[PDB]
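This document starts with one chain, in the form solved without this ligand, laid out as structure tokens.
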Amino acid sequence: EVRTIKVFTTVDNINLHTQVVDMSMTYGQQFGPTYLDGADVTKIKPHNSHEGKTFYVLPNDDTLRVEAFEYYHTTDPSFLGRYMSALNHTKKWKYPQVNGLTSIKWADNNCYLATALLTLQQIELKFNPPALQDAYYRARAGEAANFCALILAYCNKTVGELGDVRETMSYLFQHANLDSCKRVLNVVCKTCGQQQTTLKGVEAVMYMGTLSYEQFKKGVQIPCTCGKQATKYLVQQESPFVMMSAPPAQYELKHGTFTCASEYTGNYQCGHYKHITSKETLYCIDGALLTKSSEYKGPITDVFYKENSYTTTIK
């Protein structure tokens, strides 16, 4: 006797594809790799309770390939398995509201994710993939599991792996609309003369080598090919924020002079991030944990500042 149930397959959890499945064959035999809200059911045979449920599958026909690209803006063939593998864990994390922002209770080396998430809620940024638009709206409301699993997938990180905040923000900015961001730099060498450069988009909002936006406006010393140090300084900025990054070093954060920052304690192989936000006072958000202080010093790695339009007075 042949028993069947109706189920729906999907790549985006919006467009559904009706299937009739044979209860005597695994999902994998019928669909390939198959997931039920992040759980791998490939090796499982259909259960009566599955009738009418939605299963994720891999994009295995042209209809699904188009739906997956339009939703996620990737064609990496391992993306949906990585997204589902992460979601099976992130759906069990907790997302407390801390000082009015969605955070993440510590689990699985997720500190870098927590500080990224907290940062996004303080800067003006809109995502391009519908998957991130939809998941980020859910995360602002407090249900951040899908957004966190998407960050893991986009960044090619698994649950439990040590991530870097700067690199994570780079990936997130790469799928955001920063097209009207522009940065003009001047590099002055006493031997070689001056060279201006213009940067756009993600490169216009990120700098690696100093935490201080004021120092970047005055000049920072960098190597020249002639062997002298040259001075690099900001000529013109058009963006709604800037991100200044450096290897971790002791640094003073002064109330009212930055938006938010990330602190890293540890070494190359293992460590822990915390988040500092400048509000009515300095709040230090460490996953679920919250403390306050009027002054702050620690091993800071990234600082975010508000911007709109800046033009140098340096001639």
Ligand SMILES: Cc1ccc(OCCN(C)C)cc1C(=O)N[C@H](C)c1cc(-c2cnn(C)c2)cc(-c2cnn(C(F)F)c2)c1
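Under this definition, the rigid core comprises the largest set of C-alpha atoms superposing within 1.5 Å between the forms. Each residue number is its position in the shown sequence, starting from 1.
- Rigid core fits of the other structures in 4 other deposited structures of this protein place the C-alpha atoms of one stretch farther away on average; of 61-69 and 48-56, that stretch is 48-56.
- Taking the root mean square of CA deviations in 4 other deposited structures of this protein after fitting on the rigid core, 222-230 and 115-123 differ, and the farther of the two is 222-230.
- The PDB entry records a higher mean C-alpha B factor for 45-53 than for its counterpart among 45-53 and 276-284.
- Averaged over CA atoms, B-factors in the entry run higher in 21-29 than in the other of 21-29 and 299-307.
- Of the candidates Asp76, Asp164, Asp134, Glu214, the one whose C-alpha carries the top B factor in the deposited record is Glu214.
- The maximum CA B-factor among the listed residues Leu289, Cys270, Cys260, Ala246, taken from the PDB record, is found at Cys270.
- Sort the modelled residues of the chain by CA B factor and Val220 lands in the highest third.
- Looking at the C-alpha B-factors along this chain, the one for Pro129 belongs to the lowest third.
- Among the modelled residues of the chain, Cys155 sits in the middle third by CA temperature factor in this PDB entry.
- Remark: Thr10 belongs to the lowest third of its chain, ranked by C-alpha B-factor as recorded.
- Sorting the modelled residues of the chain by their CA temperature factor places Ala68 in the lowest third.
Quick note: we don't show the form deposited with this ligand bound, though the next part is all about it.
- In the modelled overlay, this ligand taken from its pose in the bound PDB entry makes no contact closer than 2.4 Å with any backbone or C-beta atom of this form, which marks the pocket as open.
- Heavy atoms within 4.5 Å of this ligand in the bound PDB entry are found in one stretch of 156-164, 96-104, 234-242, 136-144, which is 156-164.
- Proximity of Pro248 to this ligand in the bound PDB entry falls within the 4.5 Å heavy atom cutoff.
- Contact annotation for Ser49: none of its heavy atoms lies within 4.5 Å of this ligand in the bound PDB entry.
- Residues of 257-278 that come within 4.5 Å of this ligand in the bound PDB entry, judged by any heavy atom, are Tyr264, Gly266, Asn267, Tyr268, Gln269, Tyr273 in sequence order.
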